[PDB]
């Protein structure tokens, strides 16, 4: 049997209602037990899946009223009456009328008010320099939306090479992101210059935020 979900992802504000679709190629209705063999699972980042709804509409011990599974035959729907911060997760539907098959999943994201990053810069550690390594890290903490740009400057010249950016998952408590921008050089490349700068550009302001240090 083929399982298919929609949407692949969506973003709503806290207090907003939401709807996720699940569709199968063959009726999941068992004539012998008179029940639809479809379950909904919730999976938060870095965790295992947790069962929310089974037999299409029966809620599992401990799961809030807000969640409401409906459907019959081949068309099903998970429905959150009102989303809050906890709901950050991908939601999977699973048929078990003929063996088992999972859907593709719906990622649930949250829209919130704009927030500005708190920018920290970090010179390389001693033990890293002792091993001939020099990594400079710019940390952008607790911002939204997720899109943000960081420019690096060495002594007044925009560096571009040896730079790797990485984001977190949307925070489960205030729904923000944090990101790190790393400039990786060798101890020689690093002792070659003195001024190290990173500038964070975000919709929150026209002029970027600056953090610098001198070797």
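Numbering follows the first chain given and starts at 1.
- With 157-165 and 170-178 compared on mean CA B-factor from the PDB entry, the stretch scoring higher is 157-165.
- The deposited model assigns a higher average Cα B-factor to 148-156 than to the other stretch when 55-63 and 148-156 are compared.
- As recorded in the entry, 132 carries the highest CA temperature factor of 117, 105, 132, 71.
- Which of 24, 195, 19, 13 has the largest Cα B-factor in the deposited entry comes down to 195.
- Among all modelled residues in this chain, the alpha-carbon of residue 28 has a temperature factor (C-alpha) in the middle third.
- Placement of the Cα temperature factor of residue 95 within the chain: lowest third of the modelled residues, per the deposited record.
- Annotation for residue 42: C-alpha temperature factor in the lowest third relative to the rest of the modelled chain, per the entry.
- Per the PDB record, residue ranking by Cα B-factor puts residue 36 in the middle third of the chain.
- In this PDB entry, the Cα temperature factor of residue 127 sits in the top third of its chain's modelled residues, the highest group.
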